[PDB]
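Engineer:
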Amino acid sequence: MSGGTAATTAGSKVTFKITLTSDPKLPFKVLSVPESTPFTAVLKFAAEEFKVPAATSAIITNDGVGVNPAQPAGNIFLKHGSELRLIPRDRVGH
Numbered sequence: 001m002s003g004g005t006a007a008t009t010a011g012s013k014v015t016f017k018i019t020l021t022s023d024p025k026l027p028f029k030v031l032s033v034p035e036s037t038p039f040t041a042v043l044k045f046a047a048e049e050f051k052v053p054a055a056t057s058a059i060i061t062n063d064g065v066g067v068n069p070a071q072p073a074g075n076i077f078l079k080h081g082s083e084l085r086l087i088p089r090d091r092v093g094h
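Mind the numbering: the sequence shown is residues 1 to 94 in the deposited numbering, read in order.
(1) Please list, in chain order, all residues of the same chain as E35 whose beta carbon is under 8 Å from its beta carbon, the five residues on each side excluded.
(2) Starting from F39, trace the alpha helix (DSSP H) both ways and give me its first and last residue.
(3) Would you mind stating whether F16 and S57 have Cβ atoms separated by less than 7 Å?
(4) Can you tell me whether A58 is helix, strand or coil according to DSSP?
(5) By DSSP, does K25 sit in helix, in strand, or in coil?
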């Protein structure tokens with residue numbers, strides 16, 4: 001079949017993998033978007049699956065880096081890649 005891809009593939013795009021590190025559950029989230037899409041939209045789609053507010057939530061990495069929704073998807077994948085995690089901000093700015 002032509003045009004029957006279960007995963008969204010447009011051509012030049014970066015894949016993101018976010019899991020819940022603060023909660024006991026670890027529902028992985030796959031976000032396939034182009035470098036044009038900023039991390040603000042990426043964190044939004046991830047927070048949508050986690051059932052949490054993206055405005056008051058930050059994205060850390062599997063190593064231990066609190067990445068913020070400001071850089072573009074291309075820069076986020078270039079810096080870390082697909083190792084990401086969702087964490088709710090408790091104080092002003094995490």
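Where a beta carbon is used, it is the ideal one built from N, C-alpha and C, also for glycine.
Structural biologist: In brief:
(1) In the sequence shown, counting from the first residue as 1, residue 35 sits at position 35. Hits under 8 Å: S12, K13, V14, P72, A73, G74, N75 and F77.
(2) As a position in the sequence shown, residue 39 is number 39, starting the count at 1. Per DSSP, the unbroken alpha helix (DSSP H) holding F39 starts and ends at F39 to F50.
(3) Counting from one through the sequence shown, the residue named residue 16 turns up at place 16. Counting from one through the sequence shown, the residue named residue 57 turns up at place 57. No; because the gap between Cβ atoms is not below 7 Å, this pair is not in contact.
(4) Here residue 58 refers to the residue found at position 58 when the sequence shown is read from its first residue. Three-state result, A58: strand.
(5) In the sequence shown, the residue the question calls residue 25 occupies position 25. Of the three classes helix, strand and coil, the one that applies to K25 here is coil, per DSSP.
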